[PDB]
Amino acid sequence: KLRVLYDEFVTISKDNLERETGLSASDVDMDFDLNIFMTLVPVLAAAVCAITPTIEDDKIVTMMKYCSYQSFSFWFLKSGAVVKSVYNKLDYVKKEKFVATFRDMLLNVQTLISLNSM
């Protein structure tokens, strides 16, 4: 299920990043990116609020402000764009779906951290 979420995140991100920058994406490496998210989860939770199933959309959007695409496999060091820059280009319905996708990704990654911790 994480793979489906991640592919969706990547597909939406690439299309918008490419349209904005005229640049091409680099190869996708999910395991690399999951590891990046594992670093991001605790920092986002500390800087914004706890990541739980009930987290407000507004809080997720704030987290998107601080997540830089330069860190991910498919946009590695390409530009300084953050996730909110992609969110900003989506229509009303797609913004809502993107928030859900990102939230659920973060929740799944946090589950992995919890597993590894135990």
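So that there is no doubt, residue numbering starts at 1 and follows the sequence shown.
S.K.: Taking the mean of the C-alpha B-factors per stretch from the entry, tell me the winner out of 22-30 and 68-76.
M.R.: Of 68-76 and 22-30, the stretch with the higher C-alpha B-factor average is 22-30.
S.K.: Per the record, averaged over C-alpha atoms, which has the higher B-factor: 83-91 or 57-65?
M.R.: Mean CA B-factor is higher for 57-65.
S.K.: Lowest, middle or highest third: where is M105 by C-alpha B factor in its chain?
M.R.: It belongs to the highest third of the chain when residues are ordered by C-alpha B-factor.
S.K.: Tell me, lowest, middle or highest third: where does the Cα B factor of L5 rank within its chain?
M.R.: As the PDB entry reports it, the C-alpha B-factor of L5 lands in the middle third of its chain.
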